[PDB]
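Visitor: sequence plus experimental coordinates follow:
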Amino acid sequence: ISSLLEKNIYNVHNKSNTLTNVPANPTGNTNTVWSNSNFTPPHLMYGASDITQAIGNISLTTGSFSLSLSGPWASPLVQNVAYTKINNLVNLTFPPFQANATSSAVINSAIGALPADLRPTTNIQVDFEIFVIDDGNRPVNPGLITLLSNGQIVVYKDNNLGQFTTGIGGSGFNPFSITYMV
Amino acid sequence: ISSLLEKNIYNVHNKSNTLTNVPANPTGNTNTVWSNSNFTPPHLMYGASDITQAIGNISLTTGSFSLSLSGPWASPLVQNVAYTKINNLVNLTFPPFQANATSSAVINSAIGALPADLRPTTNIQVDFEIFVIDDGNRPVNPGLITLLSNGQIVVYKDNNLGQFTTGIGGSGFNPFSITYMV
Amino acid sequence: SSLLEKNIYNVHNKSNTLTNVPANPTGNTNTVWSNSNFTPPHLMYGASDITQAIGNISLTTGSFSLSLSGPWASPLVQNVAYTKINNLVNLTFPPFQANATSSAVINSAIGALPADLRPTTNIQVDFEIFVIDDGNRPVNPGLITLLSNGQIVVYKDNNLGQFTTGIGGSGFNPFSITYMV
């Protein structure tokens, strides 16, 4: 045992290794593995590096969700919106939503459309300038997308609550992407 | 001792476990934990997997910093700006900064307001189109935020160095988010 | 036997080999073990799967040389910085500005974006950006479109606008765009 308490050449085998929960590195060395009792559950440490906290901080999910948008078009348009969430950071990448407009209206989803874990929580809405199209025209003013904390998505023709206009040629948007922390 | 040097059914307990810094996996096995002396400080290894390097390649931090902005308002507005940094990639998510304007001015921070590790270094400034408001109006032209390498943040009413304008209604911006590499 | 129950030993070893097992041998949140439900096995601390968390995120970063041309007398060549995390891409562009000797959009050749950064889910992805033309700072946004064939196009405005012959500089200050492929 005494030989294990100081440096040796032993390649130790064990079915498992249980590290006492302690508030500080017991040896002070950068190559000592220890278990940090300042957290519950405890954190695995390697020297001063907190492995458990680093692992928790690099959480990532990605995929898509179905989104139904409606307003100016004769019928709702349904497409899958791609997403990535890393820690608290979200990206949404939208495919095209475009069709002829039979009425004048903003584009919006139902309340709750954004998956719960992608909804803004620090802010009531988050706003982004995006390129939109109306009746086949490419307007020079930016459109505006607002993501709401209740999960509703609203897309305006311009920053001043602008509506898309009845007409043919395509109203809506080419693919775009927005990134934000919840 | 000899029983520890080959496979056993021991659930070993230790107050800590110090791994000799060595240049190669001493057993070659994918279930061997070791400490890699090819780096200083050393790297935690599991088999051929470099845990320290993998965590360092992500290098994620997140949180917020207090930001004081001033210009058109009677007094500075102070709010926390949320951030994520992943390797060289930064996200900033701003809460609302808006109040009545008693003078005509751009909005800016002090020099050094952006935390040092979020400041552009590859570029002298990085620019983003954002939706801004002035006197309660929602102008169709985008506002512009410029992040400067000296840590100053400037927000303009439009792309042409535009100033926010004296008046009641609210001047500044709804929440927005911008993403960039330093 | 003293090692098989709690002790105050700071143990040293040249390495530590953990038996591959399908479940935590002690049940405790401070036990390190090797999880045989995966190949290669996963390093565990309690119920925390260290190997899985690291394998779930894949980050690359660097830069690529980009040649843009159109309104300028000759192409401009600069490095564009990128990060890719799983399917998520950031591009951060340095300034591309010079005087314009013709009226034209700015574009790259086909295939200019590295293959692993090209949109595949969409044919193009569009972004509003601040551009400059003949030294003027126009209030209308410019537009960058990233195409699935790897071409990059930058327009003076959203309506296929071209940069304009003249002095003062045409192109853009640095900007950044982020998107999933």
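Guide: Received, thanks. Numbering: from 1, shown residues only, chains lettered A, B, ... in the order given.
Visitor: and the residue most central in space within chain A, what does it touch?
Guide: In chain A, the residue lying closest to the centroid (Cα atoms, centre = their mean) is residue A:90, at 2.0 Å. Neighbouring residues of residue A:90 by Cβ atoms under 8 Å, 6 or more residues apart in numbering or on different chains: A:83-84, A:118, A:179-182. C-beta coordinates here come from the backbone N, C-alpha and C atoms, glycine included.
Visitor: now the nearest residue to residue A:117 once chain neighbours are set aside: which helix or strand?
Guide: What sits nearest to residue A:117 in space, not counting adjacent residues and going by Cβ to Cβ, 6 or more residues apart in numbering or on different chains, is residue A:85, at 6.6 Å. In this assignment (DSSP states H and E), residue A:85 forms part of strand A:77-86.
Visitor: and that strand, which strands flank it?
Guide: Strand A:77-86 sits in its sheet next to strand A:60-69 (antiparallel), strand A:89-94 (antiparallel), going by DSSP bridges.
Visitor: chain center to stretch A:82-94, what's the gap?
Guide: Relative to the chain's own centre, stretch A:82-94 is displaced by 3 Å; criterion: Cα atoms, centre = their mean, to the nearest Å.
Visitor: what about that stretch, start to end distance?
Guide: Stretch A:82-94 has its terminal residues 7 Å apart, counting by Cα to Cα, to the nearest Å.
Visitor: and stretch A:95-112, how far out from the chain middle?
Guide: 23 Å.
Visitor: that one close to chain B?
Guide: No. Judged by Cβ under 8 Å from any Cβ of the partner chain, stretch A:95-112 and chain B are separated, with a smallest distance of 13.2 Å.
Visitor: only alpha carbons, please: show that stretch as CSV.
Guide: What follows is stretch A:95-112, C-alpha atoms only, in CSV (Å, rounded to 0.1, in the frame of the first residue of the first chain):
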residue,chain,number,x,y,z
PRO,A,95,-36.4,26.8,-45.8
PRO,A,96,-38.4,28.9,-48.4
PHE,A,97,-42.0,29.8,-47.5
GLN,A,98,-43.5,31.4,-50.7
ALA,A,99,-46.8,31.3,-52.4
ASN,A,100,-49.2,33.7,-54.1
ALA,A,101,-51.0,36.0,-51.8
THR,A,102,-54.8,36.1,-51.8
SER,A,103,-55.1,38.5,-48.9
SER,A,104,-53.1,41.3,-47.3
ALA,A,105,-51.6,40.1,-44.0
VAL,A,106,-48.5,39.5,-42.0
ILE,A,107,-47.2,36.0,-41.9
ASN,A,108,-47.5,34.2,-38.6
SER,A,109,-47.5,30.8,-36.8
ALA,A,110,-49.8,29.7,-34.1
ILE,A,111,-48.9,30.4,-30.5
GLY,A,112,-46.6,27.6,-29.3
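Visitor: flag every buried residue along it.
Guide: Residues A:95-101, A:104-109 are the ones in stretch A:95-112 that count as buried (16 or more other Cβ atoms under 10 Å in any protein chain shown).
Visitor: can you put those in TSV and add distance to chain C and secondary structure?
Guide: Shown next, in TSV, are those (distance: Cβ to the nearest Cβ, whole Å; DSSP: H, G, I helix; E, B strand; the rest coil):
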residue	distance to chain C	secondary structure
A:95	6	coil
A:96	7	coil
A:97	12	strand
A:98	12	strand
A:99	17	strand
A:100	20	strand
A:101	18	strand
A:104	20	coil
A:105	21	strand
A:106	18	coil
A:107	16	strand
A:108	20	strand
A:109	19	coil
